[PDB]
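K.L.:
Structure below; questions to follow.
Laboratory data are not the source of any read-out in this text; all were calculated from the coordinates shown. Don't worry about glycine lacking a Cβ; one is built from the backbone with ideal geometry, like all the others, and counts go over all protein chains shown.
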């Protein structure tokens, strides 16, 4: 993490959060066609969390 | 963008807008031969925006 903060300057805070959100959404999308509940409730959870 | 901000010192802000306006004017000049409306209205909009 110390090595990571050396690059990307001030924008590392934005980059890390964007990557984390993309990775969180990717797992849900990959797990979508087994539990059909996820596309509905996950959108509400994301809206509340944002 | 971080790499660009590493160089050019304080004048990166001046360089960026100067390049963007030049690109916009180049696009407008390229669209001139078919759309004859552009030279007047675009100049007026540019004067308003400046």
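K.L.:
Distance between Cα centroids, region A:1-15 to region A:31-50: provide it in whole Å.
P.N.:
Region A:1-15 and region A:31-50 have Cα centres spaced 30 Å from each other.
K.L.:
Put a dot 7 Å past each Cα toward the Cβ at residue A:4 and residue B:1; how far apart are the dots in nm?
P.N.:
2.0 nm
K.L.:
Helix B:12-30 versus the longest principal axis of chain B: what angle, 0 to 90°, nearest 10, using Cα atoms?
P.N.:
Helix B:12-30 and the main axis of chain B meet at about 20 degrees.
K.L.:
Using a label point 7 angstrom from Cα along Cα-to-C-beta, what distances in nm, from shortest up, separate residue B:31 from the other copies?
P.N.:
4.7
K.L.:
Given label points at 7 Å from Cα along Cα→Cβ, what nm distances, shortest first, separate residue B:11 from the same residue in every other copy?
P.N.:
Ordered by distance, the counterparts are at 2.3 nm.
K.L.:
In nanometres, what is the gap between the two model label sites at residue A:38 and residue B:41, each 7 Å from Cα along Cα-to-Cβ?
P.N.:
4.8 nm
K.L.:
A follow-up question, please. According to a simple spin-label model (label point 7 Å from Cα along Cα-to-Cβ), what is the distance in nm between residue B:17 and residue A:14?
P.N.:
Placing both labels 7 Å along Cα→Cβ, they lie 1.9 nm apart.
K.L.:
Compute the angle between helix A:38-49 and the longest alpha-carbon principal axis of chain A, please, reported from 0 to 90 degrees and rounded to the nearest 10.
P.N.:
For helix A:38-49, the angle is close to 40 degrees.
K.L.:
In deg cm²/dmol, rounded to 500, what helix-only [θ] at 222 nm does the protein assembly as shown give when every DSSP H run of at least 4 residues adds -39500 (n - 2.57) and the total is split over its residues?
P.N.:
Rounded to the nearest 500, the figure is -22500 deg cm²/dmol.
K.L.:
Stokes-Einstein at 10 °C, 1.306 mPa s, Kirkwood radius from Cα pairs: D for chain B in µm² s⁻¹?
P.N.:
125 µm²/s
K.L.:
Something else: For the protein assembly as shown, divide the Cα radius of gyration by the Kirkwood radius and give the resulting Rg/Rh value with two decimals.
P.N.:
Here Rg/Rh amounts to 1.22.
K.L.:
What is the residue of chain B with the smallest Cβ distance to the axis taking B onto A, and what is that distance in whole Å?
P.N.:
That would be B:6, 13.
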